[PDB]
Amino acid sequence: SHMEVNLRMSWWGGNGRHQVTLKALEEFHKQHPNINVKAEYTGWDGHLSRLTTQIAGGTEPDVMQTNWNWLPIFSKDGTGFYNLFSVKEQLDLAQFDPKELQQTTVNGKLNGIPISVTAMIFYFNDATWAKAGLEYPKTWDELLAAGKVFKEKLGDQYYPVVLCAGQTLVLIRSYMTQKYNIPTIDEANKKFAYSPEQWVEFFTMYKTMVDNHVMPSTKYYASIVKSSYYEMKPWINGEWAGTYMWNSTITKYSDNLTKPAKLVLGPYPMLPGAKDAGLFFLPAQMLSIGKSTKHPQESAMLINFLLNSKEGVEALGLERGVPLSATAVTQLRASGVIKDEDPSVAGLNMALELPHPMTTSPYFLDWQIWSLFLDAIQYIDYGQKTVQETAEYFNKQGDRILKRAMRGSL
């Protein structure tokens, strides 16, 4: 009878994402014949920018694929997207680990549901480590000891792992959490949480790692975020014999190794006595509801359909990663779409099974912070600043960036 509801939904992706999403939408309309969905989809380029102007003028879509770091952009207050807590009758929030939802909560307002989550963990070149005669490290000391075994037994060009600056940042953060159980960012005070001495310690650990031949210094490899190592010869040759990176995108990296060598999942190094592995779990992307939607219930039903319903989940498959949704996981395992023997999947499973009560701030992902960190480690590697001067430099310049980024609500 009469009355129907017209929703708009955006997302970005390649044609492969477009096809399954378009397919999922058709299934949704089948089961909700009075709700139509107009799809607004492009590639990544220009997408944020277009959405930015829509959000500003209150003409954004009812349902949006969003990135985690858009919370600092659109929703410093938590009010930049619709509060998903207000539509829990349409949205089955129990399917998503409460802890993961904390990270997408701002000021007690749920701003998105992680479609999928991924953690930064260790994967190793199995051949190379067999050449070294080493078991993969279960402790930081073992990782450190591995650097010198690689150096003298295999050669100066061999390293246990190769690391982007940003990956190193996350790695040492992980160590610091294990030790002190505080986050890197103090959100409420809008500055870094570590003490001066802890900053000295943070960078002392970097120096200790490089001195111990754990990874190439920045004179040999120097990239902020771009995982460009996988196309380079020492990776392919098995000289850079491992990586610390998102579990979700491991296959591309492993296939570029000289066979029969592949990437296998490593243990996660633990300090003795720790109660938190200090893992970085990233919502790879989220679904959010437009702040200004005239249809929050139907938008909520669409999100619920895409993440939780049988034919929504089936359509969408693994085209946005392993779902966070519990029912989605169980369903995709039964159909054999999720295999526990996939290095990518087993890694997620290990990360989930490890203790990780410390969450991570979206402001931690700021590109200026990550760039600054490459600057900082270069000061150390190139002898231009002592570890202690670098810690004070990073603390100071970091705080300036944070302060500027954490104020200024659009």
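One rule holds for the numbers: they count along the sequence shown, beginning at 1.
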property: Mean Cα B-factor comparison, 304-312 or 231-239, giving the higher one as deposited; result: 231-239
property: Which of 32-40 and 58-66 has higher mean CA B factor, as the PDB entry lists it; result: 32-40
property: From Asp186, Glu298, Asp211, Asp276, residue of greatest CA B-factor; result: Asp186
property: Top Cα B factor in the deposited entry, candidates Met176, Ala222, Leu318, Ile289; result: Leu318
property: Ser248 - Cα temperature factor, lowest/middle/highest third of chain; result: highest
property: CA B-factor placement of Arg8, once the chain's modelled residues are sorted into thirds; result: lowest
property: CA B-factor placement of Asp366, once the chain's modelled residues are sorted into thirds; result: lowest
property: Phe192 by Cα B-factor - lowest, middle or highest third of the modelled chain; result: middle
property: Among modelled residues of the same chain, the CA temperature factor third for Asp381; result: lowest
